[PDB]
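Have a look at the structure below, then the notes.
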Amino acid sequence: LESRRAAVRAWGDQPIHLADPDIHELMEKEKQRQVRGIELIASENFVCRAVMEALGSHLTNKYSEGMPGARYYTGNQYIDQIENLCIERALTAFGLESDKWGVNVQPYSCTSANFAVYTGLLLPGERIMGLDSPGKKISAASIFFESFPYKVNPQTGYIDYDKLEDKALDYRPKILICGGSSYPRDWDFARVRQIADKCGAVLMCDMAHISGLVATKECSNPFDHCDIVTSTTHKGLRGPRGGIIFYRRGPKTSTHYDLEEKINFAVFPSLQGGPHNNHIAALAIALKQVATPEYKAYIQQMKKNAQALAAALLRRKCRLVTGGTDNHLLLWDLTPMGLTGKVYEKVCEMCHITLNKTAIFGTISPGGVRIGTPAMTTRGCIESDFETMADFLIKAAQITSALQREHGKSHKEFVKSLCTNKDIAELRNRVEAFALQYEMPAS
Amino acid sequence: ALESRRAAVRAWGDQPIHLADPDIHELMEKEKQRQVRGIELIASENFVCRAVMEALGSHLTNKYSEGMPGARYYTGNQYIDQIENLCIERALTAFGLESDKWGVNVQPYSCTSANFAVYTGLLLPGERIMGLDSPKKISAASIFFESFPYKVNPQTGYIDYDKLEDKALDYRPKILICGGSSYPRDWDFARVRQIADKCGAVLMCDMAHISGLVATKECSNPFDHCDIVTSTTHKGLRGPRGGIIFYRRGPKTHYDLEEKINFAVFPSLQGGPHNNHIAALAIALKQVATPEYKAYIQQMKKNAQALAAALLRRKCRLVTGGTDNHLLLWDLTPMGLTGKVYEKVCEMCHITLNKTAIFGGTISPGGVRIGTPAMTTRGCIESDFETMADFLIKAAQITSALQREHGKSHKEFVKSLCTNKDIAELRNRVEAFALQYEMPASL
Amino acid sequence: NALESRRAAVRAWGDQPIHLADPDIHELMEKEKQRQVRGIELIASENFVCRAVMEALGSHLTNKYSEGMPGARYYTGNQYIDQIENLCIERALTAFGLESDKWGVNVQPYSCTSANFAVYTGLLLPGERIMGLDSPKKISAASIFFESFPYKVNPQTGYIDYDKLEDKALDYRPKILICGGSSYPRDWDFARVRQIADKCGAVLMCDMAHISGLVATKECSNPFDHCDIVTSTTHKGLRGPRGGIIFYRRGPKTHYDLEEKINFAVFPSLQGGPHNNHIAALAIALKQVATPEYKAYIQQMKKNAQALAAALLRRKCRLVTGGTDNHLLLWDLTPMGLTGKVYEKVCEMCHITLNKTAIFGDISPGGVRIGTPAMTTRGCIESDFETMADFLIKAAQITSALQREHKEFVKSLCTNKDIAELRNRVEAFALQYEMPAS
Amino acid sequence: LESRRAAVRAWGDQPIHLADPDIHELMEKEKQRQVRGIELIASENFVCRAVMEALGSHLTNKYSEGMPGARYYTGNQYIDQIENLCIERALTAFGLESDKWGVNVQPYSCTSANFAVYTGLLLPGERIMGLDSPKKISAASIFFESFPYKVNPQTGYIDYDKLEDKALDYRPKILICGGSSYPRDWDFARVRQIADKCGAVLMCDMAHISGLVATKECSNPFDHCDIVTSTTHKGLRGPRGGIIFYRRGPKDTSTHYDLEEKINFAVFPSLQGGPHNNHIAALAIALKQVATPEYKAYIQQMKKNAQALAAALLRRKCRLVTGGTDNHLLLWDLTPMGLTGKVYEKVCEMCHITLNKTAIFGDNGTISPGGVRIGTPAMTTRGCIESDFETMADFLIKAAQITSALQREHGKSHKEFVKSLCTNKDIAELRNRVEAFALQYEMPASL
């Protein structure tokens, strides 16, 4: 008996560094990469320990198909209380009342969440209209429904609400979507509502890129005008990877809102199985923390940092789409320096700087890069720190011009050159040195 | 002021869960306790080892990895790539597959998600599929495609492969699916292949319920006959919650599945993968390839025969009159009990089960589904299951007794449950029993 | 007078006869009129129409566009065309013993296919499920735009297996269940099919194309006693003009929902204006259906089919189901080692038109489909069919003889003595019988 | 024998006027209506006798499922030769060569034809874009995704810039020009440039201009479009039905055209059954006649007649959409006279004048119900010339003068209006003038 009891404990309580050294080594190398590098991907962020402790818990052991108080399986009395608590905290986070709004927190991702709304509200093939980043059908939404997307004014970079109104009145989509893409300026949610109303569409906002700013009233509030708001749990909110759906409830021929039953059912049982109980606990923790002054200050600093960085790059002759930002992210046009994002991205990578090329405009040039403050803001960077980072971003560009010039016609021989360049190796060292000056949550 | 804000980050980032969120921590602890102090007979459920939790609750959740290894949307994936690549190698090794004949996508958020990616990848919306059914349109598969399911023979409880051949030749579905439901007997995958080939259908297996038995060659091998196998990562395999897709590659001119499925998963249907889940999966798959694991499965099946034998001896009725695997369908209608109520009384006695659909020929609500994987993991053996059997009967004897006296009203019933001495006595016997067995990962 | 000169130029053009206005076409039309008279017609579809019908077709009615429904037209000037369509409708109900309070009828459909598709389009959302009989990648537009799970006859018996149908329908739960359709040589148990439809909650539709004649004359099962919708072709049994027609139930069962949906599907969804000339022609044909003469025409048609069946059985031939309840025969040639594909082409050379058909293998290419209506119309009687049976055998005996060498026999075909001899016998036979409208 | 052979002849040869008097009476009443009225519906025309003789023939007797030389049934030796001849005449009518263009002549209607093209080329649900005449109505919009475009509301002309913008956005598989009754020429060349930019197949529905196109009296869509569909019975004075022209042989991946097999198959067996052999013969006759100088001179007069009518109405202070026409039809705005088409239409009917109210964009950017559509082809066919149309203009105004007068006195009820209509002196007087006018003109095929 006691022999078997020890056999279980042996296996069950064996640490990762013993149970799987090969993985453990890779995890440690990746932890080091994270610490010794700058993170400028506007998506990315760093989570606190408590969120990781929630993820890495016995909650993964319990299958909980269904909703709180209406599960497929017995034993969910404590998982219900967690999900419920997670819900309550989601409303309070966005200053919502339970009589006017409900929320489903099971969606495996933001993509997943959006598609559930469409699945729930629409018959297959019905029409939707949302923003777009400039076989041939890519998103599942565009496969299983009829997506006619809209785009930003190619000259201004801003949204043209007038063309949008024309377009929407003509296409009469069942669902109109705002948010979605990485847009560096505030939305006129009020306006989009007027449009939605005119063409008899349901207004949805995908607030993934602004979840942080919305909760902290540091941008326009879509909850004031949309019938549905989806989001990512892990960007602004520094929660775990997943999605979430807010919908209206109770009164507005239609007497009351019809959303809750349809959406809940679409998530489960239509599209998903059980939820990730561990993700939900993690999410509740993250959402408790969003409702704090500490988090408000975090977002405020995030935005000050973004202006600091914008100002820095304009001072250095750079071209920003719209000439700046209202929020936490920058679209930087490199074509005036004669660079594509594709290559600048890959040089920055060699120098421990992570960013990502983006689509920019009146043809579609491959010469944009997308940058955001949240990650380094989380590591305690302030306005002067971002002024430093700017210098690194310019040195990287100066190198990139210099290398394209010497290697004018080498597709293979260019990637090799990278690994033995002295100016890269110098900048990489400056970046690692810089990076180590800032703390890294949960070590 | 620099060192003061470097401590404010550390303060927040390194705060343990029991401080950061006591309300959540208390619930997490109550659930850990529940798991320890009860019997788990849900055939889905299992308990994961610590290393798997440590993977989940890690800095890997910080990095967004949209795309595939070597072909990501974002820079910085050098180490995540090596982990995903390792997780893939281990998945093949686990199921005795060679990389030139098979490939595997490990990103699917769930087994449901995985199946749906297969359909989305291979078929045009509205095209036809056929699979088993557990006795409006409910599944997303049946919403966006044409599902004509097949069923087990209502008298036998076994599958009728002749009626299946008839139905498949008539409907000529693009994809024919075996596995799926909790079926207590072995599949004739060889036969189903003959049928697929006749009606020109791609043969897919959903090996969610038998993932374990398949890897250990302790049941029929669907990889010997199917072109695609999907599965859940977290049932047999004691990995993290998610799904996985195996597909054939190279010469049969060649297979057409890899590009189509990978693309469906991303970018069509999902965003970025759960890097934490993927590491945790790699660890779980390393452990499947061990003798310990093969012995684990062997014991799991011995325990199932032990439990079947015990119940038959006690005049119970089992669908098909036993099992070839790890699970049991128990018909309670001969004792005059519905699964709905027996389920809820077992819950009150710390026994977790779930009512199931079974044929009586009408569908009776008097089935319940039991499996051995969970208690087998905790180091239970044949004689322990014989003890558990005694509890299952004492629970049934109480349920009959209660239905009789207080079955008149659902309210008057639930009251008697909360305040019954025989329940409380058997609950104590179960907790006492339960605590004798280890519980993997007690911090 | 430049006025009068113009007035003449118009009359000159407008009254020029076909034989002057287009000799090339006229010559081909004359050659075809000859072919029709000097041949035997055993295609079970085909029939010959009366002069009055042709006069309606070739009239000023083709000049007036009438988009819409009677008394609800898009265009002015329809006062008389309305009276014609309304009359055609009343005559269609009368023909099939229906009352206007319980049934309505749309007579605009350009064809029977067009008519079936309008019902589907009218009642169903694209992609919803239908089930109908099939003659043993996606071909029909019904199977393209909707989800068609077809059923088939029992391969051994050649009769319909209503038990297997019930099982298949309860499984597939189609929004619409369809009976009739294919050329089936036995009566339908419409009563049974209803029972099934009702069980799987489907709308019962009958395609009465093949049997339109028999049904009107109560010389077979009446689908109007059991179906909610009956479609048909106007030009088979009925000896009307080419087109289709839709009957649907109206008023209480709360009330039927078919009329507005189906009318709208036909127009404006699927077609434009109706062929006013075809409708008048149809009205004429339907007045004539309602007569004892027509009943006697159908009676003879069936006696003629039994006469032919009997004649071929006596001659060792194999008929699917071993006969017929109606006007058409499925003849299995595989016991004589022949494919339809070839027999068909030989019969053609001998001025005998019939058509190869799908039949089940004990799935063989060795069936041909034969019917009485065409020759029955020309005044053929039982003994005349017994003569035709001889011709059919002599055609077969020739076909076996020529399949000795094998493609290569195309020369032999053109220059064969036995063919020429039988062709002459058939032309001589054919010229004995009148040909409506000369 | 001979007694049964006479019983068939008795039935088979019975003339219509004996076989069915009730129908015959109505048919005769309608023939009279056609003769004793003015036809200004731009669609309508009158066919010659030869065409009627084709329609009302033994050809209806033969079922010809399939295509020439590839039929389902035997006995089609001659039917084939007719269809083949109809096809050759269709090509020669529009100046096309068989190596570069093919044509399917089975479509039961022009609607039917358009839908076959869509069915043939596109998967259900794929995208098309076409013009619209100001719930899902057309089957095209039910079974496929139709995002239509419209004329500039102020100008009444098409806005090719807004059309380019819209097409590049929506990227439809098939872009369609023609369609509506449009009184001005199309810039097919321009529409081609657009199609090419958004990678769409360019289709023209030439139903309303079939006549002008054949006679090179308007822009030629065959010079630019990959597919041209049409109605057989409007300009061409053929029988009612449709027809599909598609390109053949050589034109990134696309080496040769892929249209013929897909379209033919969509027509049959997908959508239709057998063709109307009698319609096809009639069509062949009609198309022979289109390729003559007589027919060219017909179209020429048709257009001179239109200018004559436009000029006439302008001179009497009428308001025309786009201020005139390049073709055979006229959109007339009545809102300056305070009239709706819906009522003017119904008064004109009473006076033996057939036209039809039409959707127009008004002086306001709104959609007024105040338009009517008029054309010359029908009365042109009956031998009317310019001065005759100036007469018909006088009738149209008198009718309007009456309609205002009536709306003023008897507007109170729709029942008290329809009475006044039946029993009005000024109507009766104008009805007489119109009948008297109409009988001056020949009516083709009055035997």
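Please note that chains go A, B, ... in the order of the structure tokens, that every chain numbers its residues from 1, and that ligands are numbered from 1 in the order shown.
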Residues within 9 Å of stretch 167-172 of chain C, please, as a ChimeraX atom specification. Count only C-alpha atoms; anything in the same chain fewer than 6 positions from it doesn't count.
/B:148,167 /C:129-131,149,151,196-197,199-202
Got time to write the residues from that selection, N, CA, C and O atoms, as a PDB file, in the first residue's frame?
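Generated file (out-v7.pdb):
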```
ATOM      1  N   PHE B 148     -24.942  14.240 -41.152  1.00  0.00           N
ATOM      2  CA  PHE B 148     -25.891  13.107 -41.062  1.00  0.00           C
ATOM      3  C   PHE B 148     -25.230  12.034 -40.223  1.00  0.00           C
ATOM      4  O   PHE B 148     -24.460  11.242 -40.737  1.00  0.00           O
ATOM      5  N   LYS B 167     -25.646   3.352 -44.931  1.00  0.00           N
ATOM      6  CA  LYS B 167     -25.888   4.798 -44.686  1.00  0.00           C
ATOM      7  C   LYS B 167     -24.806   5.653 -45.340  1.00  0.00           C
ATOM      8  O   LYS B 167     -25.123   6.696 -45.855  1.00  0.00           O
TER       9      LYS B 167
ATOM     10  N   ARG C 129     -33.065  21.008 -46.974  1.00  0.00           N
ATOM     11  CA  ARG C 129     -33.008  19.598 -47.447  1.00  0.00           C
ATOM     12  C   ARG C 129     -34.293  19.193 -48.155  1.00  0.00           C
ATOM     13  O   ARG C 129     -35.377  19.394 -47.579  1.00  0.00           O
ATOM     14  N   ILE C 130     -34.143  18.519 -49.291  1.00  0.00           N
ATOM     15  CA  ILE C 130     -35.259  17.873 -50.037  1.00  0.00           C
ATOM     16  C   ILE C 130     -34.922  16.406 -50.325  1.00  0.00           C
ATOM     17  O   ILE C 130     -33.737  16.059 -50.330  1.00  0.00           O
ATOM     18  N   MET C 131     -35.943  15.600 -50.607  1.00  0.00           N
ATOM     19  CA  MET C 131     -35.824  14.151 -50.929  1.00  0.00           C
ATOM     20  C   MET C 131     -36.819  13.774 -52.037  1.00  0.00           C
ATOM     21  O   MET C 131     -38.043  13.993 -51.849  1.00  0.00           O
ATOM     22  N   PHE C 149     -31.096  14.600 -50.999  1.00  0.00           N
ATOM     23  CA  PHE C 149     -30.821  13.176 -50.699  1.00  0.00           C
ATOM     24  C   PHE C 149     -31.872  12.352 -51.426  1.00  0.00           C
ATOM     25  O   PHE C 149     -32.981  12.200 -50.930  1.00  0.00           O
ATOM     26  N   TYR C 151     -33.922   9.053 -53.219  1.00  0.00           N
ATOM     27  CA  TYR C 151     -34.262   7.634 -52.987  1.00  0.00           C
ATOM     28  C   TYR C 151     -34.480   6.938 -54.330  1.00  0.00           C
ATOM     29  O   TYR C 151     -34.663   7.609 -55.361  1.00  0.00           O
ATOM     30  N   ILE C 196     -45.797   9.027 -44.326  1.00  0.00           N
ATOM     31  CA  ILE C 196     -44.332   9.196 -44.106  1.00  0.00           C
ATOM     32  C   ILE C 196     -44.037  10.683 -43.918  1.00  0.00           C
ATOM     33  O   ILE C 196     -43.396  11.050 -42.903  1.00  0.00           O
ATOM     34  N   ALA C 197     -44.468  11.492 -44.888  1.00  0.00           N
ATOM     35  CA  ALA C 197     -44.271  12.950 -44.908  1.00  0.00           C
ATOM     36  C   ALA C 197     -44.656  13.499 -43.548  1.00  0.00           C
ATOM     37  O   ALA C 197     -43.821  14.194 -42.945  1.00  0.00           O
ATOM     38  N   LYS C 199     -45.024  11.952 -40.674  1.00  0.00           N
ATOM     39  CA  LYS C 199     -44.140  11.443 -39.590  1.00  0.00           C
ATOM     40  C   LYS C 199     -42.886  12.303 -39.489  1.00  0.00           C
ATOM     41  O   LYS C 199     -42.618  12.753 -38.380  1.00  0.00           O
ATOM     42  N   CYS C 200     -42.166  12.545 -40.588  1.00  0.00           N
ATOM     43  CA  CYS C 200     -40.891  13.325 -40.569  1.00  0.00           C
ATOM     44  C   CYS C 200     -41.141  14.830 -40.767  1.00  0.00           C
ATOM     45  O   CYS C 200     -40.143  15.543 -41.004  1.00  0.00           O
ATOM     46  N   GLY C 201     -42.400  15.286 -40.669  1.00  0.00           N
ATOM     47  CA  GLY C 201     -42.807  16.707 -40.666  1.00  0.00           C
ATOM     48  C   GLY C 201     -42.405  17.443 -41.937  1.00  0.00           C
ATOM     49  O   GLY C 201     -42.051  18.650 -41.874  1.00  0.00           O
ATOM     50  N   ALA C 202     -42.486  16.752 -43.074  1.00  0.00           N
ATOM     51  CA  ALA C 202     -42.121  17.288 -44.404  1.00  0.00           C
ATOM     52  C   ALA C 202     -43.386  17.721 -45.155  1.00  0.00           C
ATOM     53  O   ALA C 202     -44.470  17.178 -44.899  1.00  0.00           O
TER      54      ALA C 202
END
```
Pick out the residues sitting within 7 Å of stretch 225-232 of chain A, and hand them over as a PyMOL selection string; count only C-alpha atoms, and ignore anything fewer than 4 positions along from it in its own chain.
chain A and resi 109-110+113-114+189-190+193+202-208+211+242-248
Suppose you want the space between atom CA of residue A:294 and atom CA of residue B:11; what is it in Å?
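Separation of atom CA of residue A:294 and atom CA of residue B:11: 11.9 Å.
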So which residues touch residue B:114 within 7 Å, counting only C-alpha atoms, skipping near sequence neighbours fewer than 6 positions away, as an MDAnalysis selection string?
chainID B and resid 108 230 243:245
Could you turn the residues from that selection into a file that holds C-alpha atoms, as an mmCIF file, in the first residue's frame?
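This went into part16.cif:
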```cif
data_model
loop_
_atom_site.group_PDB
_atom_site.id
_atom_site.type_symbol
_atom_site.label_atom_id
_atom_site.label_comp_id
_atom_site.auth_asym_id
_atom_site.auth_seq_id
_atom_site.Cartn_x
_atom_site.Cartn_y
_atom_site.Cartn_z
ATOM 1 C CA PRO B 108 -6.000 23.669 -31.336
ATOM 2 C CA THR B 230 -7.879 14.391 -33.732
ATOM 3 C CA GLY B 243 -6.811 19.534 -28.833
ATOM 4 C CA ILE B 244 -4.379 18.152 -31.417
ATOM 5 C CA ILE B 245 -4.613 17.082 -35.142
#
```
Quick one: residues within 8 Å of residue C:327, only C-alpha atoms, excluding same-chain residues fewer than 3 positions away - as a ChimeraX atom specification?
/C:44,185,301-302,304-305,324,371-373
Find the residues in chain B near chain C: any atom within 10 Å counts, using only C-alpha atoms. Write them as a PyMOL selection string.
chain B and resi 126-128+146-150+167+170-172
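For the set D:92, D:305, D:232, D:381, the residue with the smallest atom-to-atom gap to chain C is D:381, counting only C-alpha atoms.
The smallest atom-to-atom distance between residue D:380 and any of C:345, C:28, C:397, C:10, using only C-alpha atoms, is found for C:10.
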From a backbone DSSP assignment, name each residue in stretch 35-183 of chain D labelled strand (DSSP E or B), as JSON, numbers by chain.
{"D": [38, 39, 66, 67, 70, 71, 101, 102, 103, 104, 127, 128, 129, 131, 145, 146, 149, 174, 175, 176, 177, 178]}
Keeping only N, CA and C atoms, write the selected residues to a file as a PDB file, in the first residue's frame.
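Ended up saving to part_34.pdb:
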```pdb
ATOM      1  N   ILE D  38     -52.451  52.751 -79.161  1.00  0.00           N
ATOM      2  CA  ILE D  38     -51.027  53.139 -79.249  1.00  0.00           C
ATOM      3  C   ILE D  38     -50.196  52.381 -78.199  1.00  0.00           C
ATOM      4  N   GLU D  39     -49.062  51.844 -78.658  1.00  0.00           N
ATOM      5  CA  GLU D  39     -48.137  51.075 -77.795  1.00  0.00           C
ATOM      6  C   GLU D  39     -46.846  51.863 -77.655  1.00  0.00           C
ATOM      7  N   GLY D  66     -30.837  18.473 -74.466  1.00  0.00           N
ATOM      8  CA  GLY D  66     -29.399  18.379 -74.782  1.00  0.00           C
ATOM      9  C   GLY D  66     -28.965  19.516 -75.676  1.00  0.00           C
ATOM     10  N   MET D  67     -27.916  19.297 -76.475  1.00  0.00           N
ATOM     11  CA  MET D  67     -27.314  20.263 -77.437  1.00  0.00           C
ATOM     12  C   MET D  67     -27.218  19.572 -78.800  1.00  0.00           C
ATOM     13  N   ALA D  70     -25.473  16.108 -79.617  1.00  0.00           N
ATOM     14  CA  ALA D  70     -25.209  15.566 -78.274  1.00  0.00           C
ATOM     15  C   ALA D  70     -26.526  15.613 -77.516  1.00  0.00           C
ATOM     16  N   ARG D  71     -27.567  15.027 -78.113  1.00  0.00           N
ATOM     17  CA  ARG D  71     -28.932  14.995 -77.534  1.00  0.00           C
ATOM     18  C   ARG D  71     -29.098  13.737 -76.678  1.00  0.00           C
ATOM     19  N   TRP D 101     -16.408  33.458 -80.570  1.00  0.00           N
ATOM     20  CA  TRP D 101     -17.695  33.514 -79.804  1.00  0.00           C
ATOM     21  C   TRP D 101     -18.542  32.279 -80.048  1.00  0.00           C
ATOM     22  N   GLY D 102     -19.330  31.875 -79.048  1.00  0.00           N
ATOM     23  CA  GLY D 102     -20.323  30.776 -79.103  1.00  0.00           C
ATOM     24  C   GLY D 102     -21.643  31.253 -78.549  1.00  0.00           C
ATOM     25  N   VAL D 103     -22.723  30.534 -78.740  1.00  0.00           N
ATOM     26  CA  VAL D 103     -24.012  31.116 -78.297  1.00  0.00           C
ATOM     27  C   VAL D 103     -24.941  29.976 -77.939  1.00  0.00           C
ATOM     28  N   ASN D 104     -25.598  30.091 -76.796  1.00  0.00           N
ATOM     29  CA  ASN D 104     -26.640  29.126 -76.365  1.00  0.00           C
ATOM     30  C   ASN D 104     -27.990  29.825 -76.555  1.00  0.00           C
ATOM     31  N   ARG D 127     -20.079  36.468 -55.429  1.00  0.00           N
ATOM     32  CA  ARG D 127     -20.509  37.879 -55.531  1.00  0.00           C
ATOM     33  C   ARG D 127     -20.695  38.327 -56.987  1.00  0.00           C
ATOM     34  N   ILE D 128     -21.812  39.010 -57.252  1.00  0.00           N
ATOM     35  CA  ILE D 128     -22.083  39.730 -58.524  1.00  0.00           C
ATOM     36  C   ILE D 128     -22.460  41.184 -58.228  1.00  0.00           C
ATOM     37  N   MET D 129     -22.244  42.048 -59.209  1.00  0.00           N
ATOM     38  CA  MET D 129     -22.552  43.481 -59.122  1.00  0.00           C
ATOM     39  C   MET D 129     -23.172  43.900 -60.449  1.00  0.00           C
ATOM     40  N   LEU D 131     -26.381  46.884 -62.452  1.00  0.00           N
ATOM     41  CA  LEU D 131     -27.186  48.113 -62.279  1.00  0.00           C
ATOM     42  C   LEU D 131     -28.507  47.760 -61.601  1.00  0.00           C
ATOM     43  N   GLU D 145     -24.597  36.661 -54.086  1.00  0.00           N
ATOM     44  CA  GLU D 145     -24.437  37.886 -53.275  1.00  0.00           C
ATOM     45  C   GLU D 145     -24.414  39.078 -54.218  1.00  0.00           C
ATOM     46  N   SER D 146     -25.521  39.822 -54.298  1.00  0.00           N
ATOM     47  CA  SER D 146     -25.667  40.934 -55.265  1.00  0.00           C
ATOM     48  C   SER D 146     -25.506  42.260 -54.533  1.00  0.00           C
ATOM     49  N   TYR D 149     -25.214  48.701 -58.210  1.00  0.00           N
ATOM     50  CA  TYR D 149     -24.805  50.120 -58.372  1.00  0.00           C
ATOM     51  C   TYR D 149     -25.944  50.856 -59.063  1.00  0.00           C
ATOM     52  N   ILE D 174     -18.316  38.529 -61.109  1.00  0.00           N
ATOM     53  CA  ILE D 174     -18.958  39.006 -62.367  1.00  0.00           C
ATOM     54  C   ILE D 174     -19.496  40.422 -62.206  1.00  0.00           C
ATOM     55  N   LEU D 175     -19.089  41.297 -63.094  1.00  0.00           N
ATOM     56  CA  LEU D 175     -19.609  42.684 -63.147  1.00  0.00           C
ATOM     57  C   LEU D 175     -20.557  42.770 -64.341  1.00  0.00           C
ATOM     58  N   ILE D 176     -21.708  43.383 -64.154  1.00  0.00           N
ATOM     59  CA  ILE D 176     -22.767  43.377 -65.199  1.00  0.00           C
ATOM     60  C   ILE D 176     -23.113  44.808 -65.600  1.00  0.00           C
ATOM     61  N   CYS D 177     -23.087  45.108 -66.894  1.00  0.00           N
ATOM     62  CA  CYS D 177     -23.591  46.395 -67.429  1.00  0.00           C
ATOM     63  C   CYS D 177     -24.847  46.055 -68.219  1.00  0.00           C
ATOM     64  N   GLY D 178     -25.530  47.081 -68.716  1.00  0.00           N
ATOM     65  CA  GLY D 178     -26.877  46.980 -69.298  1.00  0.00           C
ATOM     66  C   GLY D 178     -27.857  46.764 -68.184  1.00  0.00           C
TER      67      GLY D 178
END
```
What is the distance, in Å and to one decimal place, between atom CA of residue C:120 and atom CA of residue C:228?
13.3 Å
Looking at D:180, D:446, D:264, D:424, which one is nearest to chain C, with distances taken over only C-alpha atoms?
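Nearest candidate to chain C out of D:180, D:446, D:264, D:424: D:446.
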Just need the residues of chain A within 8 Å of chain D, counting only C-alpha atoms, so spit them out as a ChimeraX atom specification.
/A:125,148,171
Just the selected residues (N, CA and C atoms), exported as a PDB file, in the first residue's frame, please.
```pdb
ATOM      1  N   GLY A 125     -23.752  32.806 -43.632  1.00  0.00           N
ATOM      2  CA  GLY A 125     -23.718  33.473 -44.937  1.00  0.00           C
ATOM      3  C   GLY A 125     -24.254  34.872 -44.856  1.00  0.00           C
ATOM      4  N   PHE A 148     -17.798  42.243 -45.699  1.00  0.00           N
ATOM      5  CA  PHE A 148     -17.383  43.377 -46.545  1.00  0.00           C
ATOM      6  C   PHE A 148     -16.775  44.347 -45.565  1.00  0.00           C
ATOM      7  N   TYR A 171     -24.780  48.337 -48.089  1.00  0.00           N
ATOM      8  CA  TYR A 171     -24.511  46.889 -47.884  1.00  0.00           C
ATOM      9  C   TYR A 171     -25.467  46.333 -46.823  1.00  0.00           C
TER      10      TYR A 171
END
```
To one decimal place, how far is atom CA of residue A:291 from atom CA of residue A:212 in Å?
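Between these atoms lies a distance of 10.6 Å.
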